[PDB]
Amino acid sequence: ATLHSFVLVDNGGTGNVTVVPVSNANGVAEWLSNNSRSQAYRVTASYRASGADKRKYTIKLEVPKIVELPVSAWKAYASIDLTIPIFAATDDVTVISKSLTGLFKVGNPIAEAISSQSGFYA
């Protein structure tokens, strides 16, 4: 099942965040941490076709900060649109995922930049 509960944040066992499936309504897949709107981790995902030869994916993530904001959004917002051409059932496309996870890997440039409130400097 593609729609199943998963650890979104892995702190190594203690302080893990689990998002559970709460909807699959007319296209949109929705995951949600067991919190109140304001404090909940969110994941939304759709899957459609882009023109003739490709498939499109629209993912959205909302992560709250620990620490004006009754129900107000002191959340970080992410939006991903991955457009991949249709491939034969025998092909291996694990690549894109490993590249995505490679982007946000801790100790990597971009991962490091998001943490310093910094840009990309030489």
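The first residue of the sequence shown is number 1, and the count goes up from there.
- A chain break between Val67 and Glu68 is present, corresponding to 4 to 9 residues of the deposited sequence without coordinates.
- Note on 85-93 vs 38-46: mean CA B-factor is higher in 85-93.
- The mean Cα B-factor in the deposited entry runs higher for 55-63 than for the other of 55-63 and 76-84.
- Taking the deposited Cα B-factors for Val20, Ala113, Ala25, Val9, the highest one is held by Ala25.
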